[PDB]
There are 4 protein chains.
Amino acid sequence: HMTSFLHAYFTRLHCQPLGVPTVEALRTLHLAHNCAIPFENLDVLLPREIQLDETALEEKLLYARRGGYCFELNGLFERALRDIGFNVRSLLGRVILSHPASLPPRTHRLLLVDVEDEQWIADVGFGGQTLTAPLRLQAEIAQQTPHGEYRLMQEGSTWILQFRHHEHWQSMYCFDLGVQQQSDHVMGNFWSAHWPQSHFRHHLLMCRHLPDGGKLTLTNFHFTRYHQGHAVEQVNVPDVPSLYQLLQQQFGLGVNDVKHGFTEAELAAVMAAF
Amino acid sequence: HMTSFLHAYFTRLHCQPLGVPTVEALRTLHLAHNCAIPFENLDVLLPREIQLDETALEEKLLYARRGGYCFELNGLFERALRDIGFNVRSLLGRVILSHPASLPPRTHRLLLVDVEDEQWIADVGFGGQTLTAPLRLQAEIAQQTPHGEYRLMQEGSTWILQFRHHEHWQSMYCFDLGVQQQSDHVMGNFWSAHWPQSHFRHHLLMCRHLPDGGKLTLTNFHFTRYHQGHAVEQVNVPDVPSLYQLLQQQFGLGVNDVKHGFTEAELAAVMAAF
Amino acid sequence: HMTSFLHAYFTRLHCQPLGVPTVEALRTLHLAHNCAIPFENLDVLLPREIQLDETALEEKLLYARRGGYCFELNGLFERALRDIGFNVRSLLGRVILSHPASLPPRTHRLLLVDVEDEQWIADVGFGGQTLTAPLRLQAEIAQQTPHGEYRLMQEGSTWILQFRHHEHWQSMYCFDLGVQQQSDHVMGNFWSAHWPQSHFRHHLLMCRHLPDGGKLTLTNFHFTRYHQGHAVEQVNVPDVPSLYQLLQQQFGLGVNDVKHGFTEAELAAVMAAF
Amino acid sequence: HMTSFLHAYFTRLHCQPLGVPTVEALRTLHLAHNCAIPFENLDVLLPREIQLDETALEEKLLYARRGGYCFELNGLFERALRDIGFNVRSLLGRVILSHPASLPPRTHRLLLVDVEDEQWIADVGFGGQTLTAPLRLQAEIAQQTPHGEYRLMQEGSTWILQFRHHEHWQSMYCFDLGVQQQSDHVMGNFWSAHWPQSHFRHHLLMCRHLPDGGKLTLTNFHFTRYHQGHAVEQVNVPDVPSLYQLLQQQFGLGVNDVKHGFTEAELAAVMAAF
């Protein structure tokens, strides 16, 4: 089967339809998504509200060929997996990367999927280190992904996500299986986009994934290409115009669109802040 | 003559082209505008940034059939008068209606037009009591307008403005002939739309003008019709849906539009705040 | 891109600019037009010549907010599609609805559009049953439209067109792909507006389209509203004044305008003939 | 006193207000009119209906600076004289110049004025030989006018108008004092503009009067200037463009105007017929 949405979804993913919800279907759609729809926080910097209703998501991520973060990316992904027949629901977790003194709020969204009597967690909106393949809900088991190796702890009811780095597990963010509501994401988005100290308001962030363990990475003017998890080439874009181009070339950003597009002069005012 | 803009301007004004800049041309364009393009602050309430560059103004006020306030309305109007050949520039003044303890900032935009060796001030953006016809820059001279009698005044380099209220004269705003720059309006819009105590963030405001001294007036759910300056009929809309309709019927608000449109559920969230 | 015309065109269509000529652009512009610019023959009844040069069309259909028929509507539409970049030319066909004894002259104008290597026919000027969405030039293929099912056909170099009436198919008009010239339309308009037996000289005809398969229909004093192709409500306007109002309310006719406007007393004289 | 109309009337007549209805006031207004508002039949040739309601007359003869004939010219004039306080009413007469076999219909309009206990007939719409000064209602009395000498017969109740030519009285048209109604003029206009054999449909006619017994005269391309009733200079305009110019120069025709104006290409199609 294929719903109106599901249609342009596959179309944007440069991928072939799938009607049977299986671990393999997940396996691929995940990577598909990770390579087609970039991680971007541009609507936060050029001030511009982020809707999270399936429709705004559809028009932003699919039709306008734009990116987003936690809430937008996994929001779209969740819909797709749902329309394909999977069993999904979102979860909120706490970003602990910076290794904070005290647990932070539920800033991050992610998906919980029930495929073939097991429980997996798919997440395409974490940015730089997002997963690129479902993982099984189990501790210790060093799970493998096209772009890295991860391990999930089991501290109580709550879980922690980790990934290898210099031969030692590193925790990315914690989370439990509690139900969440749209509003809970709206609040999450509200925090992330508007709390003054949120890092998303202090620098442009883009990140897209490539087929063979490669990925792209923008952080203001610092562009970086990676292969099999290695820093191959690091260009420091010299100007706004040049960057405007880089956004469309490398990340495939839909710079035009009645609604979600944005002039190059706008990108300039944004980078001007820094 | 007629520029691409000037075209849809006349089209929106349900009016016939004019190529000669004269007091009479002004006289009508003003009233035209006042009846076609409503005074609305809806983008302030449903959070949504207000661009002021001619193009965003064009797409919001003309193509999407939406309204605006000070900055947007007179901004569009200024362009028109300019393309038609008049001699115009905006001015900023201070809203003193509430009769404040100390002079408020430059919140209000208005136009200064030089037609046939004299100086007039056109203003379609003040809302409820806006002018509906140019006025001459002169003191005492009780000037007349299709919807009221306004007396201008003096006091140093600044000029006050008033309208017959009850029967005594109630100072509205005031200003000076100092040059202003786009940014000066952007700041003005910033203030108005974001300063927490700005009244525009605390209630929906709509106002449209009619041919024979009549006008419409919405303040949240309080709708009011006026004839020859009199309160004929005052309906208190009972629900969001009903109001959504009233916006399109009575004020002719372009509720759809890829860009500047807005769902009815959005209007609900906005009115829900009150 | 957007030409001076194209501007107020979009403005009148209460629609957002489009710069890329694609079947989808056509799809919407068509429906846009069908709902914005009414089908009217009023200039035929109150005697008043119908110019067909782009400018008179512009001033009548756009600025004055008035309607027209075959020649005027598709003439305006053709310009738009052209300025937007499509590949169009008009065609003349013969109205065979009444199922005439012998083929009638070329009374009806319609458009031929070449979009994405195929040929479509757009027509917003046929009135009551006009198309509301392009159709592909192909036989048998029961094509679908927001307001009906139209089946096209063959028979030599000519093509017939029909719509599901009652439940049998009732041939409407027909045509061929032969080139036409402005004069050919002027003659067509001459016929239609002056040949004594032309039905257009014997009754007022107005018809406007609505978003959800609905449409309005005036035939003298017989007003009718339709939903999803059904006669919901049929009012028989009781007087000229009342009708004058109905023209502005329901069809949004620009009853004023230095040029193309018309007093209410004029409408009375027109209806008085019947 | 001075009414809104009366205003632009005097303004078009390049004349000074008059508030007292006296033979002298008539004497001058007549000549004023005769020199300011030309005799023209252009709306008949480029097909274009002729309204006769005071308003269409106002907008055509005054604001658009255009001309007209019997019905239009005397229609406007009658209003003026009325607003100035005179006692007037129109009369219909029969044009007998061509010396017809049988009396023709009531094609010509003219005014009857009651000033200082006497009855005068003013007429500015007869064209070439129109009067240029009121005349007294009396037989034989060879009356004098700035541009000629006239004599009124008394054949029964009906009167005949004549003027000198080769030392013998010549009859221009007959008429009686019967009341007329607007409609009677509308019918007169209808005849003149639409009866196939009406001469007004077979050639352009223009004629304007000058201060010192001079007058201008166009008949298609044949232009002619007269002084003290003599043919001084006769130019045969060589082309449409050149004529378009001549209309604005010599006759002071308002070739532009939202409503009543007309392109030069239109004048070409008109003269093309001949």
# chains A, B, ... in the order shown; residues from 1 in each chain; ligands from 1
>>> residues_around(residues="residue 250 of chain D", least_positions_apart="3", cutoff="9 Å", atoms="only C-alpha atoms", output="ChimeraX atom specification")
/D:208,216,245-247,253
>>> write_last_selection(atoms="C-alpha atoms", output="mmCIF file, in the first residue's frame")
data_model
loop_
_atom_site.group_PDB
_atom_site.id
_atom_site.type_symbol
_atom_site.label_atom_id
_atom_site.label_comp_id
_atom_site.auth_asym_id
_atom_site.auth_seq_id
_atom_site.Cartn_x
_atom_site.Cartn_y
_atom_site.Cartn_z
ATOM 1 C CA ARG D 208 -15.959 74.157 -33.090
ATOM 2 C CA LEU D 216 -13.408 75.130 -37.567
ATOM 3 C CA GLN D 245 -3.258 65.355 -33.521
ATOM 4 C CA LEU D 246 -5.561 67.798 -35.269
ATOM 5 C CA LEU D 247 -8.413 66.658 -32.996
ATOM 6 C CA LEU D 253 -10.592 66.987 -27.857
#
>>> select_by_dssp(residues="segment 5-198 of chain D", states="helix (DSSP H, G or I)", output="PyMOL selection string")
chain D and resi 5-12+23-36+42-45+56-63+70-83+182-194
>>> interface_residues(of="chain A", to="chain C", cutoff="12 Å", atoms="only C-alpha atoms", output="PyMOL selection string")
chain A and resi 256-259
>>> write_last_selection(atoms="N, CA, C and O atoms", output="CSV table (one decimal), in the first residue's frame")
chain,number,residue,atom,x,y,z
A,256,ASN,N,14.6,27.6,-2.4
A,256,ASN,CA,13.4,28.3,-3.0
A,256,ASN,C,12.2,27.6,-2.6
A,256,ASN,O,12.3,26.4,-2.2
A,257,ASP,N,11.1,28.3,-2.6
A,257,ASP,CA,9.8,27.7,-2.2
A,257,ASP,C,9.0,28.9,-1.6
A,257,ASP,O,9.5,29.7,-0.8
A,258,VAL,N,7.8,29.0,-2.1
A,258,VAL,CA,6.9,30.0,-1.8
A,258,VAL,C,7.0,30.3,-0.3
A,258,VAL,O,7.1,31.5,0.1
A,259,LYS,N,6.8,29.2,0.4
A,259,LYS,CA,6.8,29.3,1.9
A,259,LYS,C,8.2,29.2,2.6
A,259,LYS,O,8.8,30.2,2.9
>>> residues_around(residues="residue 209 of chain C", least_positions_apart="6", cutoff="10 Å", atoms="only C-alpha atoms", output="list in words")
residues 31, 32, 33, 34, 35, 36, 37, 38, 39, 127, 128, 130, 132, 147, 215, 216, 217, 225, 226 and 251 of chain C
>>> residues_around(residues="segment 195-203 of chain A", least_positions_apart="4", cutoff="8 Å", atoms="only C-alpha atoms", output="PyMOL selection string")
chain A and resi 41+44-45+190-191+219-220+274
>>> closest_residue(among="C:99, C:7, C:194, C:136", to="residue 58 of chain C", atoms="only C-alpha atoms")
C:7
>>> select_by_dssp(residues="segment 3-248 of chain B", states="strand (DSSP E or B)", output="ChimeraX atom specification")
/B:39-40,68,88-93,108-115,118-122,136,143-145,148-152,159-163,170-175,205-209,215-219,222-227,230-231,236
>>> residues_around(residues="residue 55 of chain C", least_positions_apart="5", cutoff="12 Å", atoms="only C-alpha atoms", output="number ranges by chain")
B: 2, 7, 17; C: 4-5, 50, 60-64, 72, 75-76, 79; D: 263
